[PDB]
Chemist: 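Okay, here's the structure, questions in a sec.
Residue numbers start from 1 in every chain, and the chains themselves are labelled A, B, ... in the order their sequence lines are given, proteins ahead of strands. Order of listing sets the numbers, starting from 1, for every ligand and every atom in it.
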Protein chains: 2
Amino acid sequence: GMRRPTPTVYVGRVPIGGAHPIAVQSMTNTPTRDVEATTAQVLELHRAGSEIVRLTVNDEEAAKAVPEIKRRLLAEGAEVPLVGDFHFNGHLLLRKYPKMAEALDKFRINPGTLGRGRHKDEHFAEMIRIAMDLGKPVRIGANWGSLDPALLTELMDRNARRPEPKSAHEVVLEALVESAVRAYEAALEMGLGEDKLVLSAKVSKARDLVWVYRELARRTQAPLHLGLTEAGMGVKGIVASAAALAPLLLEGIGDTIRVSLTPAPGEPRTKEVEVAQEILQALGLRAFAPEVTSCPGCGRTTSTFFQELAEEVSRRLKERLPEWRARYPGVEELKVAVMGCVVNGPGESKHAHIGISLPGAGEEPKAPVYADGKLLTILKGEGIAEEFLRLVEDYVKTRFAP
Amino acid sequence: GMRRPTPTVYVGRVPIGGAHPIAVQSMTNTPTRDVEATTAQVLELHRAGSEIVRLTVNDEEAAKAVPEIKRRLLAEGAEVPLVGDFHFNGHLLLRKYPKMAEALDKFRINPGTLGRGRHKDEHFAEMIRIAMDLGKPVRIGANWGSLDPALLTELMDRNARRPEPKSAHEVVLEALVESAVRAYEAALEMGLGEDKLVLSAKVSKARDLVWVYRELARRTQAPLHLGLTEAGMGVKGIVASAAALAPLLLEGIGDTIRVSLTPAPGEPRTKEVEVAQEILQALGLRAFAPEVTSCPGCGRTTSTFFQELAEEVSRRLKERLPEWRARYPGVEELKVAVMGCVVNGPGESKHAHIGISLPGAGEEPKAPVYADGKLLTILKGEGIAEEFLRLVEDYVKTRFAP
Ligand SMILES: C[C+](CO)[C@H](O)COP(=O)(O)OP(=O)(O)O
Ligand SMILES: C[C+](CO)[C@H](O)COP(=O)(O)OP(=O)(O)O
Ligand code: SF4
Ligand code: SF4
C-alpha cells in the first residue's frame, strides 16, 4: 500500500510525515496548572505508547506550569514531545510566557478560536511569528465544533449561487476544509517552513471525516493529524474511531493519529493509546505487540477451555513483552493462533507464526501445534496450556534471535 | 454513498441484497444437540438485534435437535431465520434428516470442507440438489482457514509461470476468491437461483479482507456476507473487525455482516451483535439506537461531572429505548451531545439534535443547551443532569411524534 508523500516535520525528536511510522498521540485530562498530576499523566501516556503528548495551555497558571513539567520530564530522560493546545488567548500566553513557548515542542492553533473578524488575522500572525522565532512546528487544527462563522457564511453564499446548491451539511464540510487550507497557505506565505506545519480538520461522523481528509490530502502537501473528534464513550467510541480512520489509513492518508474517547468515570486515560495502537496494527501499518488470532468458538467447541486458553495465551504474551522487546528484535510482529476445532484450526494456525488447533466435537482428544506453516508437535492431556506457552517461548527465541 | 446492486435473497422473512438494509447476524456457541440451551441463546441473540442466527449442524445429534429448536422458536412468534453451518458431512446430514433440512432457513456450505478430490464435486452437488428441492437459499462460504488444497496448488502453478510471480500470500488470496467464484458458478449452472445464493470469502487480516471482497464484488453478482474471520478477543477483536469492514461498507460492498469475536470467559455471546450494530451505525448505514457524542475531556474540563454526565445520559437513553421505539417512530436516529467546555461545546451541540455544553475552566457556571441547531435554554446549579434528561425526553416527544 502506498503512503502519501509529505515533508518531514519533527515534533521534538519524533519525525512525522510520509517517510516515517504513523505516530500515536494522546492528550492529558489533568489541570495543566497541577504540575505533579500532569507530569505523572504525561509519563503514564508515554509509557503506554503515546509518542507525542498534548496538553491544554488554557490560562496563565497553565502557561506558568509548562516549563516545570518539561524540566521534570527531561530529568528522567523522558524525551516525549509536548504539544500545547491553545484557544482564544494563545497569542497572549505565548507573548507573556516565553519560557512556556520555548518548553513546548509544538503549538496547536485552531483557526476558529482565534477571535472575531479582524482580530483573527492578527492573533494568527502573532502565534506564527513566535513559532518562527523559536523554530517550533505548528498544527493548524480545525474542528467542526469551532468553525469560523465568517468563512461559513462565505461558503453558504457561494453555495446558494450554484445551479444545484448542496446541502447545509455539505457546505459545513466545505468550510471546515477551506478553513484549514486557507490558514495553511497563510502560514506558508508568512514564511513558516513546510517542515514546520501539520494540518487537521476533524468532524465527529466517520463518513464525513473520510470526505474531509481526502480533500485535505489533495489540496495540501502537509503531514496530516487524523482523528475522529468527540467519538464518545465505550464500545461506540472505539468502533467509530476505527471505522473512521481505516478507510483513510488504507488509502495512505494520515501521519499521526489521536483517538478521541470519553473515559468512563474511573477508566484510565491510556485506553485511547491502546485503541490507536490497535487500529494501526490491525491495518498492518505498525507492530506494537504480539497478537492472538482466535475463532469465536461455536457448538463444535468442546468446552470453556478454548476461551480460557485464548485468554491465557494473550495474558502471557502481555507479561513477556517488556523482556522480549529487549532481547528479541522484531518480536512485535509475532502472530499466535488459538483455534477451537479442525474446521479452521490447522489452516489458520499455519498462517500464524505459531498456533494450536484444539480438538472439537467428534475429534480425538489431541491438539496439533503448527509453526512456520508446518506441524511442530501434537499435544494431549493436562497442561496443554503450559506446554503450548513453552513452545511459543522456544519459537520466539529462535525466530527473533538477534 | 452507492450500494452495490444485487438480487434479493430471502433468508426466512429477512431480505438481503442491495435494495435492503444490511443485516446483522451472529452464531450460537452452545452445543446444538442441547435444545434448551440453543433455543435460549438464539432468542437472546435475536433480542439483542441478530436478524439472522447461525448454528452449527455438525453431527447426527445436532441434526435431530434442529426441528425442535425451530418449533420452539415459532411457538413464541420468534421468526428469526436459522442458518445451518455444515462441514465434512453436510451431504449425509441433509440426506438422512429431511426434517432438519426443512426446518433450516438457509444452508451454509464451505467449498474447502466438502471432502477430498473427486468426492468434493459430488458432495457439493448433493447439498445444492437438496436446497433446490426445498427452495432453500445457500451461502457458499470460503475461509482461508479451510482452503481447498487442490485449488491452491493450481493457482500456485499458474503463479509460477508468470513473468513476475506474486508472493505465496497473494496466491492464497487469489485461491480463496477463486474457490468462492468457481463454486458460485457451479451452483448457478446446476440451476440454483440467483435469488438463492449468498457468498463469503473470509480472511483474518483487515487489508487482505478488503482486497478479497473487492474481487468478489467485481467477479460476481451475489449478495455478500462480510466478516473478518477469527478477529480474536477484547479490544483487538473489536478494532480489527471495524477496521476491516469499514472500507468495504463505505464503498457499497456487503449485504449482511457477522463480527467474529472470541468471548472472554463469562462474556456474553451478544457482544458481537452490539459491535456489528455499532459498525453499521458509525458509518450511517443503519440506525439502531440513539447515540451520544462527547468530547474526551481535557484540562479545560472542570470536574469529574463531565464524565459522569456523559455516562448518565448514555445510560438513560438505553433505559428509555424499548418504550421510545414503540411510541416515537424514527427515534433510533437521535443524536445527543454532551460536551466539556466552550471550545467545541456549542458547535458540536448545534450539530446534534440536542446537546449540552458544560462550563469549563474560566467560564461562568452555566450550561447552554441547544436543540435543532439553536439555543434552547441555559442550565445552572444542582440537578443539571435531571434537567437535561427532561429536555431530551421533551425533545423526543415533539421531534419523533407519530
Ligand atoms: C481538544 C480539542 C480542541 O479542539 C477538542 O475539543 C477535542 O480533542 P480532539 O478530538 O483531538 O480534537 P482537536 O484536535 O482538539 O480539535
Ligand atoms: C464458523 C466457521 C466455519 O468456517 C468459523 O470457523 C468461524 O466463523 P466465521 O468467522 O464467521 O467464519 P465462517 O463464516 O464460519 O467461515
Ligand atoms: S474453528 Fe471450529 S470451533 Fe472455531 S468457530 Fe470455527 S467451526 Fe467453530
Ligand atoms: S471540548 Fe473542551 S473540554 Fe472537551 S476536549 Fe475539547 S477543549 Fe477539552
Side-chain angles (χ1 to χ4, degrees), chain A residues 27-29 54-56 58 85-88 108 110 113 143 145-146 202 229-230 260-262 293-302 306-307 310 337-349 357-361 363, chain B residues 25-29 54-56 58 83 85-88 108-113 139-146 176 180 198 200-204 225-232 237 241 256-262 272 294-302 306-307 310 337-349 357-361 363:
Chain A
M27 181 168 186
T28 55
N29 66 5
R54 183 159 43 126
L55 75 188
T56 198
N58 58 303
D85 205 58
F86 293 104
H87 303 284
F88 311 122
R108 182 279 182 85
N110 181 339
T113 63
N143 194 128
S146 41
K202 297 186 187 181
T229 188
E230 332 306 15
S260 295
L261 303 186
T262 311
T293 292
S294 55
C295 72
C298 71
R300 299 183 62 104
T301 311
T302 284
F306 165 65
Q307 288 166 41
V338 177
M339 300 288 291
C341 87
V342 67
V343 171
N344 294 122
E348 190 72 45
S349 293
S357 183
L358 295 174
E363 294 183 63
Chain B
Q25 57 174 281
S26 65
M27 181 168 186
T28 55
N29 66 5
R54 183 159 43 126
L55 75 188
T56 198
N58 58 303
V83 186
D85 205 58
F86 293 104
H87 303 284
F88 311 122
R108 182 279 182 85
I109 291 168
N110 181 339
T113 63
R139 172 159 60 103
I140 292 171
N143 194 128
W144 86 331
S146 41
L176 183 72
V198 175
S200 62
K202 297 186 187 181
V203 298
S204 65
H225 168 136
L226 176 59
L228 185 74
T229 188
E230 332 306 15
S241 298
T256 182
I257 68 168
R258 189 262 171 125
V259 169
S260 295
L261 303 186
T262 311
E272 67 172 73
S294 55
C295 72
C298 71
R300 299 183 62 104
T301 311
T302 284
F306 165 65
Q307 288 166 41
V338 177
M339 300 288 291
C341 87
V342 67
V343 171
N344 294 122
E348 190 72 45
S349 293
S357 183
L358 295 174
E363 294 183 63

Chemist: Nearest protein heavy atom to atom 7 (C) of ligand 2, by residue and atom, and its distance?
Modeler: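 Checked against all protein heavy atoms, atom 7 (C) of ligand 2 sits closest to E230(B) OE1, 3.6 Å.
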
Chemist: Could you list which atoms of ligand 4 come closer than 4.0 Å to a heavy atom of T301(B)?
Modeler: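 So the atoms of ligand 4 that pass are 3 (S).
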
Chemist: So do the side chains of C341(B) and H87(A) get within less than 4.5 Å of each other, counting heavy atoms only?
Modeler: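 No, too far: nothing below the 4.5 Å cut-off.
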
Chemist: Under 4.0 Å from any heavy atom of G340(B), which atoms of ligand 4 are there?
Modeler: 3 (S)

Chemist: Hey, which atoms in ligand 2 end up nearer than 4.0 Å to a heavy atom of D85(B)?
Modeler: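 This gives 1 (C), 3 (C) as the contact atoms.
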
Chemist: Of the side chain and backbone of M27(B), name the one, both, or neither that has a heavy atom under 4.0 Å from an atom of ligand 2.
Modeler: side chain

Chemist: Please state which protein non-hydrogen atom is closest to atom 1 (S) of ligand 3 and give its distance, to 0.1 Å?
Modeler: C295(A) SG, 3.8 Å

Chemist: Do me a favour and list the nearest non-hydrogen protein atom to atom 9 (P) of ligand 2 with residue, atom name and distance?
Modeler: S260(B) OG, 3.4 Å

Chemist: What protein heavy atom lies closest to atom 6 (O) of ligand 2? Include the residue and the distance to one decimal.
Modeler: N344(A) OD1, 2.8 Å

Chemist: Should the proximity of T56(B) to ligand 2, defined as any heavy atom under 4.0 Å, be assigned to the side chain, the backbone, both, or neither?
Modeler: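 The answer is neither; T56(B) stays 4.0 Å or more away.
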
Chemist: Judged by atom type as modelled, is there a donor-acceptor pair below 3.5 Å linking the side chain of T302(A) to the main-chain atoms of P359(A)?
Modeler: yes

Chemist: Is there side-chain contact between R108(A) and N110(A), with heavy atoms separated by less than 4.5 Å?
Modeler: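 They are in contact (side-chain heavy atoms under 4.5 Å apart), so the answer is yes.
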
Chemist: Output the list of atoms in ligand 2 that are nearer than 4.0 Å to some heavy atom of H87(B), sorted by atom number.
Modeler: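 Once the distances to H87(B) are compared, the set is 3 (C), 4 (O).
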
Chemist: So which of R54(B), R139(B), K202(B) gets nearest to atom 15 (O) of ligand 2, if we judge by its closest heavy atom?
Modeler: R54(B)

Chemist: Just by distance, do the side chain of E363(B) and the backbone of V342(B) share a donor-acceptor pair under 3.5 Å?
Modeler: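 Side chain of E363(B) to backbone of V342(B), a donor-acceptor pair under 3.5 Å: yes, one is there.
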
Chemist: What are the two closest non-hydrogen atoms of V343(B) and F88(A), and how far apart are they?
Modeler: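 Reported closest heavy-atom pair: CG2-CE1, 3.8 Å.
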
Chemist: Which atom pair, heavy atoms only, marks the closest approach of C298(B) to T56(A)?
Modeler: SG-CB, 4.2 Å

Chemist: Taking both backbone and side-chain atoms of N143(B), is any N or O found less than 3.5 Å from an N or O belonging to ligand 2?
Modeler: yes

Chemist: Would you call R139(B) and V83(B) a side-chain contact if the rule is heavy atoms closer than 4.5 Å?
Modeler: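 Sidechains of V83(B) and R139(B): no contact.
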
Chemist: Specify the closest pair of heavy atoms between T301(A) and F306(A), including all atoms of both residues, with the distance to one decimal.
Modeler: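 Closest heavy-atom pair between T301(A) and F306(A): CG2-CB, 3.6 Å.
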
Chemist: Going by heavy atoms in the side chains, are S204(B) and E348(A) under 4.5 Å from each other?
Modeler: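 Counting from C-beta outward, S204(B) and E348(A) do come under 4.5 Å.
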
Chemist: Looking only at protein heavy atoms, which one is nearest to atom 2 (Fe) of ligand 4, and how far off is it?
Modeler: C341(B) SG, 2.4 Å

Chemist: Answer with yes or no whether the side chains of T256(B) and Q25(B) bring together a donor and an acceptor at under 3.5 Å.
Modeler: yes

Chemist: Report yes or no: does a heavy atom of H225(B) sit under 4.0 Å from some atom of ligand 2?
Modeler: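 No heavy atom of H225(B) comes that close to ligand 2.
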
Chemist: Just to confirm my output: which protein heavy-atom neighbour is closest to atom 6 (Fe) of ligand 4, and how far is it?
Modeler: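 The answer is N344(B) OD1, 4.2 Å.
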
Chemist: Residue-level breakdown please: for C298(B) versus ligand 4, do any non-hydrogen atoms fall below 4.0 Å on the side chain, on the backbone, on both, or on neither?
Modeler: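 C298(B) to ligand 4: contacts from backbone and side chain alike.
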
Chemist: Ligand 2 and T229(B), any nitrogen or oxygen pair closer than 3.5 angstrom?
Modeler: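 Right, the criterion is met.
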
Chemist: Spell out, as yes or no, whether a donor-acceptor pair under 3.5 Å connects the side chain of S294(A) to the backbone of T262(B).
Modeler: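 Absent.
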
Chemist: Could you tell me whether ligand 4 has any atom less than 4.0 Å away from a heavy atom of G360(B)?
Modeler: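 No, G360(B) has no heavy atoms under 4.0 Å from ligand 4.
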
Chemist: Measure the distance from atom 8 (O) of ligand 2 to every protein heavy atom, then report the residue, atom name and distance (to 0.1 Å) of the closest one.
Modeler: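 Sorting protein heavy atoms by distance from atom 8 (O) of ligand 2 puts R258(B) NH1, 3.3 Å first.
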
